[PDB]
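Visitor: Protein chains in written order, with the authors' numbering: chain A, 1 to 204; chain B, 0 to 204; chain C, 0 to 204; chain D, 1 to 204; chain E, 0 to 204; chain F, 1 to 204; chain G, 0 to 204; chain H, 1 to 204.
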Amino acid sequence: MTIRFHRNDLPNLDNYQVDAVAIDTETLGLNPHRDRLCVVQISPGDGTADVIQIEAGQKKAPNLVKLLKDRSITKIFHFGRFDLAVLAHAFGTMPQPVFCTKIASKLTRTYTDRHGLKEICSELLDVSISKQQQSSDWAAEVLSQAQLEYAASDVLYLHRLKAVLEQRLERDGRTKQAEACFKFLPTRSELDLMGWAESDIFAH
Amino acid sequence: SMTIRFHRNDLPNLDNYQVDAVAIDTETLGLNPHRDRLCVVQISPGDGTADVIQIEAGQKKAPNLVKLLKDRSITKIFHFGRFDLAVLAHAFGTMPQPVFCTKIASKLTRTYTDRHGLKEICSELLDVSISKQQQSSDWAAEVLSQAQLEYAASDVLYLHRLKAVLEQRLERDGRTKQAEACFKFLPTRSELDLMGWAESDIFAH
Amino acid sequence: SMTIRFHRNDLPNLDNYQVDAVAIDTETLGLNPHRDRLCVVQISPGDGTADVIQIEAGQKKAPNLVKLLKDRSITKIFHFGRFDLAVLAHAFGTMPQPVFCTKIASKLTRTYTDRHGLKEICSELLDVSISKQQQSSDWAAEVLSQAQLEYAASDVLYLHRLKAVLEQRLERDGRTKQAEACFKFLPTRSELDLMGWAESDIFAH
Amino acid sequence: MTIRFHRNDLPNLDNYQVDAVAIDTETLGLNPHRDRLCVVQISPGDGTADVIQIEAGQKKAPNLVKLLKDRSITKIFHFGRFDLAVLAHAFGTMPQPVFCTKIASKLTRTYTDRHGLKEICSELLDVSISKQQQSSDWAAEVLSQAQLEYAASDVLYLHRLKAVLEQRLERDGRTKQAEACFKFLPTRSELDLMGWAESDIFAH
Amino acid sequence: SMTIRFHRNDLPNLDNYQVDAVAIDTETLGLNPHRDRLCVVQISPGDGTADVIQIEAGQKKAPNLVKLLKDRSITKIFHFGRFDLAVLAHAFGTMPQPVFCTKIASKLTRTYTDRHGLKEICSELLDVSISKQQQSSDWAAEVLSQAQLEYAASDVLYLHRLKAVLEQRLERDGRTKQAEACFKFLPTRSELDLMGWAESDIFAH
Amino acid sequence: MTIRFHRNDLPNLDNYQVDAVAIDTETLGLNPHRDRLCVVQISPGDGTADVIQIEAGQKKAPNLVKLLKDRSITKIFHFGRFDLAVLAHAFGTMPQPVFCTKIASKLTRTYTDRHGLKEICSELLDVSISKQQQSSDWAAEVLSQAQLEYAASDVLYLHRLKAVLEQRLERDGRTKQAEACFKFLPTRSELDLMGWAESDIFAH
Amino acid sequence: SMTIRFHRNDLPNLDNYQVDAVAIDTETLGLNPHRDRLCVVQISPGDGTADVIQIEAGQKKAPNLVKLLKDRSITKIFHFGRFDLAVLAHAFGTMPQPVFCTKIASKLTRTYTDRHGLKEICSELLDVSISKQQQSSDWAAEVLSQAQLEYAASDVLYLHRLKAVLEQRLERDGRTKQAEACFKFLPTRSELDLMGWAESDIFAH
Amino acid sequence: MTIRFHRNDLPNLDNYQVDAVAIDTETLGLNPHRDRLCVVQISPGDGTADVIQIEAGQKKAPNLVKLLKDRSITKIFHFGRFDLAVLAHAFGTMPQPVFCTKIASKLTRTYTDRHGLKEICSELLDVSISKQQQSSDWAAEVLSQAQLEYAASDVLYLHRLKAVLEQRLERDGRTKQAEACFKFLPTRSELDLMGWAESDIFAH
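(1) If we require 3 or more residues per run, which beta strand (DSSP E) segments fall completely within the region 1-57 of chain C?
(2) Using a Cβ-Cβ cut-off of less than 9 Å, give me the residues of the region 102-119 of chain G that come near chain E, in sequence order.
(3) What does the alpha-carbon distance come out to for the pair residue 208 of chain B and C/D50?
(4) With the cut-off set at 9 Å, would you say C/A22 and C/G45 are in Cβ contact?
(5) Does the separation of the CB atoms of B/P95 and B/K75 fall below 9 Å?
(6) Which partner residues of H/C121 appear in the DSSP bridge assignment?
(7) Give, in chain order, every residue of the region 18-31 of chain B whose Cβ lies closer than 7 Å to some Cβ of chain C.
(8) Along the chain, where does the beta strand (DSSP E) containing D/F77 start, and where does it finish?
(9) Comparing C-alpha positions only, which one of F/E26, F/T2, F/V65 sits nearest to F/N12?
(10) Would you decide whether E/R188 is buried or exposed? Buried here means 16 or more other CB atoms lie within 10 Å of its CB.
(11) Would you report the Cα separation of A/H89 and G/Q145, rounded to the nearest angstrom?
(12) Does any C-beta atom of chain H lie closer than 9 Å to the C-beta of E/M94?
(13) Residues of chain A with a CB under 7 Å from the CB of G/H89: which are they?
(14) Pick helix, strand or coil for A/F99, following the three-state DSSP scheme.
(15) So for A/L84, helix, strand or coil by DSSP?
(16) Among E/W196, E/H204, E/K176, E/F202, which one has its Cα closest to the Cα of H/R34?
(17) Are the C-beta atoms of C/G57 and some chain F residue less than 9 Å apart?
(18) List, in chain order, every chain H residue whose beta-carbon is nearer than 9 Å to that of F/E170.
(19) Assign A/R114 to one of two classes, buried (16 or more other C-beta atoms within 10 Å of its C-beta) or exposed (fewer than that).
(20) At a Cβ threshold of 9 Å, is H/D137 touching chain E?
(21) Any C-beta of chain D within less than 7 Å: which residues of the region 55-85 of chain C qualify?
(22) Using DSSP with H/G/I as helix, E/B as strand and the rest coil, what is E/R160?
(23) If you measure between the beta carbons of G/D19 and G/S72, is that distance less than 9 Å?
(24) Considering only C-alpha positions, which residue in the set H/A85, H/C181, H/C100, H/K60 is nearest to H/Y157?
(25) Grab the span of the alpha helix (DSSP H) containing A/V142 for me, first residue to last.
(26) If you draw a straight line from the alpha carbon of F/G173 to that of F/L107, how long is it in whole angstroms?
(27) Mind checking if H/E166 is an interface residue toward chain A, Cβ cutoff 9 Å exclusive?
So, in structure tokens, the structure goes:
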């Protein structure tokens with residue numbers, strides 16, 4: 001497991017001369033206004049990962065933000081709706097464009113209600129990772145090796161999941177609808193930050 | 000009279016529709032577009048008049064209406080947008096765009112209430128009285144009554160005026176861009192309903 | 000008057016019942032056929048008149064009524080079919096057939112509403128006003144009031160007219176064969192209720 | 001396990017000179033209008049099974065359809081309400097007459113709320129099979145040996161279950177009511193396709 | 000007037016209570032007997048008159064009332080039996096018995112309804128109009144209004160008449176013995192509420 | 001395990017010169033009007049049990065009924081509300097007087113919501129039995145040794161449970177209330193047969 | 000008239016507020032203080048008059064009002080205390096204290112009801128008629144109508160009178176100290192709502 | 001495990017010359033008016049515990065009550081809302097001031113809904129204890145060694161949990177709000193005894 005650890009930000013973009021990046025975050029909980037960003041994990045898709053410890057009160061991360069702003073780079077998430085809100089709230093940039101493997105799973109894996117990251121890693125790639133846990137204080141001053149490996153596992157496979165899901169979207173005729181969902185997803189996250197996190201804006 | 004113009008099948012021409020936005024609603028046999036056929040299309044150019052078009056069973060074409068639905072320079076205004084877009088696309092094969100939905104705009108501006116129905120916003124924003132949506136009409140009946148024509152017309156006669164108020168409120172409260180993104184997605188939301196996700200929020204965790 | 004004919008125990012003969020379809024309802028002491036006895040049978044031949052028959056406690060026979068229930072050439076029309084078939088079979092030992100149920104027919108045609116009660120369909124389809132089903136009558140009382148006779152009669156006076164409208168709608172919307180299969184199954188649905196499955200949908204996954 | 005694999009259709013009816021056949025299907029999910037038919041599995045009741053891979057867009061299966069139409073052949077299902085809708089939607093013929101082991105179980109095994117196929121195979125026959133899973137993309141171009149065996153297991157025991165359930169229906173006095181349920185079941189499936197899949201048509 | 004007699008603390012004597020059954024209700028500060036004190040006891044001998052007794056804060060004794068509660072030759076009739084028995088036992092130390100509860104009797108006879116409130120049965124069985132139970136009175140107030148005295152009296156003025164009707168119906172429908180066993184258990188049901196099982200059905204599986 | 005098997009009825013009351021008997025039943029399910037009585041199991045409290053197979057349509061069991069009618073003999077149940085209804089429906093006699101170990105548990109074991117027979121056997125006596133199962137067709141013509149042992153286990157310990165629960169009722173001051181519950185229980189079962197099985201008659 | 004005084008932004012001075020307790024309510028764009036801005040502050044000194052203060056978008060200061068909110072010698076009386084304290088602290092940076100909440104006091108005294116709204120207690124305790132809280136006003140509108148000023152004033156004109164009654168009842172029923180502890184905690188309850196626990200009971204098991 | 005067992009009360013306060021004590025109780029169940037106090041367990045925070053068996057009808061415990069009344073001694077609980085009500089009901093003194101580790105957990109461990117004592121002992125201290133059980137009659141005349149050890153485990157770690165939680169409250173900026181919750185908690189328990197145990201007094 002090739003994991004590069006950083007404080008605050010990537011040191012440069014030497015490993016990020018790519019057209020897509022895989023991103024996840026760790027926080028103090030599910031409420032972005034209450035629960036601060038603690039870790040950003042990111043992978044170029046080459047089987048390596050960067051795990052970035054974010055300090056309390058940290059307002060800037062310029063190299064990461066360059067990637068988030070770069071419209072030629074697709075930001076891949078599984079927890080897209082959540083992570084986009086957390087990243088926009090932390091550093092002021094709503095990342096775009098995006099691909100969400102959970103939305104893509106919902107639009108292709110029509111035979112199940114299980115769309116978690118552990119499930120799709122196992123089913124689509126035969127890769128074993130941990131489910132999302134509730135046992136870590138991610139604001140701890142020192143993150144353990146186990147925590148770095150957990151964080152890295154959440155981004156090491158997103159490019160490969162996206163490739164499979166793209167094939168299935170084309171096979172079953174839903175590529176254009178998925179793309180429209182991805183175009184809307186940054187707004188869905190903005191609406192969550194604005195005060196509609198518990199409302200489906202499209203409900204009757 | 001002059002307020003309501005009744006037609007069979009389609010608009011007769013587009014003389015009244017040389018406009019930048021039209022207001023649309025539909026009447027059907029119920030809430031399931033695959034089971035419940037389109038029965039009426041009601042449309043207004045925003046001038047205080049309305050066209051009420053009776054749609055026949057099995058009707059696959061309505062070329063003049065469809066020109067308006069396809070015309071990207073004309074905004075199609077709805078209150079029941081998610082539903083009506085699915086019904087219209089299923090009936091005639093064109094997903095209307097671009098759109099403005101007064102229900103979504105109400106949800107993003109009238110933050111002090113959970114009541115976003117058409118009767119409520121007509122009364123609150125315009126002091127206009129209309130009927131709530133009813134469950135008492137067989138809209139596939141051979142003969143539509145004058146009361147039914149008036150009910151259908153009332154659902155489109157005020158949408159331009161509501162849109163004007165709601166646009167001002169979206170700008171005042173800083174939500175114009177988010178509303179526009181919702182309107183851009185709405186045709187896909189309706190497509191997903193027709194495809195089999197009508198009971199699912201695609202953005203749920 | 001001439002509209003309502005009151006009887007004890009049974010019809011006196013079948014002079015008014017030389018017909019191809021009869022309309023039937025019942026009054027009981029409540030919703031549980033094993034606990035709550037049959038108290039009234041109301042029946043109409045479809046000519047704007049009704050017979051209201053007071054049933055005694057412990058009554059096991061009603062031969063003239065039962066001839067009609069058994070006669071396969073006479074369709075028994077109900078609105079409360081699932082319930083009334085169970086009550087009648089439990090009381091007199093004959094499961095009536097064949098049947099037409101206006102509630103099932105309403106569910107298969109009035110696809111724009113969730114309101115399928117008898118008062119609603121009488122008003123909507125016929126412009127006829129009747130009372131909704133009430134919870135204020137001890138139907139086992141020794142004396143039935145004129146108001147009670149009128150209420151019971153109103154539940155059967157309009158079923159032929161409702162059936163005519165609903166048959167037309169089933170044909171219009173293409174569901175005649177499915178409705179007929181529901182009517183064929185309904186006596187078994189009522190038998191299953193009496194057997195102990197009253198709270199279970201036998202077709203559930 | 002004698003499994004005969006086929007593409008599209010049975011090649012002939014040489015193995016189907018019988019009075020009853022056992023049928024199940026695999027699909028992309030629970031919504032017949034969205035989720036296509038992917039596999040038809042069928043057994044003559046002799047301890048063998050045919051597993052038929054159905055192509056995307058496939059409109060015909062003439063030998064299978066002959067069996068579905070043949071009124072002298074009872075079609076046995078456990079998932080009857082679902083499979084009848086799927087088969088009618090795929091090929092245009094509503095199979096009849098039918099026997100449903102789940103309905104028969106509900107009418108005889110009055111001491112339990114567990115009416116799944118795995119449960120009744122174990123209880124009535126002491127046979128072990130897998131429960132219905134949510135881990136298979138049945139639209140995959142190549143089905144695995146494990147998938148063929150899973151599909152075959154769903155039809156290999158239905159004749160034997162029907163024989164036991166018929167004895168219990170007669171013992172407890174419910175044969176005629178069960179038969180009326182089987183006569184109505186094709187209509188129940190038609191009503192599902194027509195738009196009433198979430199409604200009990202007999203509710204008050 | 001002569002219909003309502005108002006008293007402080009207790010009945011003045013038992014001149015009006017040389018009877019075989021009395022009708023009782025209470026008013027309190029709410030539904031929790033440990034928190035919400037007894038404020039009024041209303042009682043009638045069944046002759047169309049009622050005594051309304053204001054109970055003081057901290058009152059532990061009411062000897063004349065308590066003689067009636069203890070007297071096993073006098074049936075205490077309630078509609079709100081489960082509640083009032085707990086309140087009275089908590090206030091004065093005597094669990095009243097024997098009892099007849101018109102609500103339980105209604106549940107065992109009026110099998111055609113889920114409405115077993117006092118206003119409903121007064122109207123249906125006697126054609127008597129009273130108020131439903133209200134939530135607008137501070138019954139611990141220093142001064143009780145004439146309207147409050149009339150409300151309290153109305154809750155006991157009709158219980159003998161209801162009991163007579165309900166006894167006849169219990170006999171007609173064959174449930175007298177089961178009702179009597181319910182009445183025998185009711186004081187224990189009230190004791191169990193005071194002991195800490197107020198939210199539990201002790202007979203649940 | 002001393003188990004005496006019988007068809008239809010006890011042959012005599014030689015083992016029942018006692019002041020209390022422990023009783024349970026097996027049936028085709030939870031609805032006494034639909035689901036017939038199949039087994040009566042009974043113990044004198046001496047570590048032995050009688051298991052009585054009841055035939056379809058059986059209307060009499062005179063020796064058992066003598067015990068049910070005998071007012072000098074307490075009938076002990078754990079499933080009292082159910083078993084009393086089943087026995088009264090089968091043979092025409094509502095047993096009395098009774099003691100119910102489930103009611104007694106609810107009135108003493110105030111620290112738990114678990115009042116099943118397996119739980120109280122383990123907690124009060126350190127005895128291990130099976131929980132109530134849903135896998136047996138109790139109307140089968142031949143009951144297995146395992147079924148006889150299961151049925152016997154349900155009555156072998158009720159006298160001992162009653163003795164413990166009586167001590168706890170006296171310790172915590174609830175003997176009189178429990179006795180009133182036991183006096184009412186036959187009526188509660190009658191009301192179930194009469195049509196109130198789903199209603200708490202004491203509800204507001 | 001003299002009953003309602005209208006102001007922009009703040010009170011003009013504190014001539015009417017040389018008092019030991021003030022009554023306060025607010026109007027906003029909705030229930031979420033982070034999304035829905037403060038639009039009106041209404042305040043009364045308890046003399047049958049009220050000040051209604053229109054708050055501008057983006058307003059961060061209201062120095063005269065804030066002096067009252069900060070003054071520990073002045074009790075701030077609310078009915079909607081938990082909400083209004085959060086709104087006021089979010090708007091101007093001061094958490095008002097000390098406080099008296101008539102809703103909490105009602106819950107601790109009116110133990111016979113689950114209705115603790117302002118309209119209900121005004122009617123029951125004072126025989127005063129006001130409107131319930133409405134969902135029909137855009138309180139951020141440029142122009143507030145006379146009817147809106149009257150509605151806002153009615154929410155503060157009676158709080159001193161309600162507090163007087165409720166204080167007497169708290170003493171009568173022995174709950175003064177517990178109520179005071181609730182009032183002391185209430186500002187923290189409002190802070191916890193703003194911090195992200197608005198949907199959580201912090202004292203739940 | 002250093003456990004000192006006592007009947008009725010501490011014999012003296014020789015082990016309690018401390019500024020904070022850790023307390024829990026065992027009872028006959030969750031309703032303080034119905035279910036009597038059976039055990040008080042208390043620790044000075046030095047790795048020892050006192051387990052005090054409380055008799056039926058016991059009205060006094062003067063040495064324990066001295067600690068409960070002493071305003072210079074913080075009473076630490078995990079089950080604070082419950083234990084405060086039980087102690088006040090038993091002996092007449094509402095303990096104050098208090099610290100509740102469950103409230104402190106809710107205000108710091110924002111990434112989880114699991115705030116039980118077993119969970120926080122494991123996560124914050126790597127200490128293993130049993131969860132709260134429902135298998136003990138705590139009114140038994142003789143408590144077992146296992147019961148004494150269970151009771152002691154509930155107080156041996158509360159001082160250490162409080163120290164960790166205080167650090168987290170300061171780190172995340174919630175010390176003052178937590179202190180106000182602790183000041184209100186005795187009133188919350190009084191309101192439970194008064195008749196509001198099922199109501200959130202702050203609800204709209």
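Think of the CB as a built atom: it goes at the ideal place given N, C-alpha and C, for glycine as much as any other residue.
Guide: Well, looking at it:
(1) 3-7, 20-27, 37-43, 49-53
(2) So the list reads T108, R109, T110, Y111, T112, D113, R114, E119, given in the order they occur along the chain.
(3) With chain B covering only 0 through 204, there is no way to say anything about residue 208 of chain B.
(4) yes
(5) In this structure, B/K75 lies closer than 9 Å to B/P95 by Cβ.
(6) For H/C121, which the question treats as bridged, DSSP gives no partner whatsoever.
(7) Taking 7 Å as the Cβ-Cβ cut-off, the region 18-31 of chain B approaches chain C at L28, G29, given in chain order.
(8) Segment 74-77, the beta strand (DSSP E) holding D/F77.
(9) F/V65
(10) buried
(11) Approximately 41 Å between the Cα atoms of the pair.
(12) no
(13) In chain order: nothing, as chain A lies at least about 12 Å away.
(14) strand
(15) helix
(16) Minimum Cα distance to H/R34 is reached at E/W196.
(17) no
(18) Ordered by position in chain H, no residue passes the 9 Å Cβ test against F/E170, which lies about 12 Å from the chain.
(19) exposed
(20) no
(21) Those residues of the region 55-85 of chain C placed with their C-beta closer than 7 Å to a C-beta in chain D are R81, ordered along the chain.
(22) helix
(23) yes
(24) Of the candidates H/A85, H/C181, H/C100, H/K60, the one whose C-alpha sits nearest the C-alpha of H/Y157 is H/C100.
(25) Bounds of any alpha helix (DSSP H) do not take in A/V142, whose DSSP letter is neither H nor E.
(26) 10 Å
(27) Interface flag for H/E166 against chain A is unset, since no Cβ pair is found closer than 9 Å.
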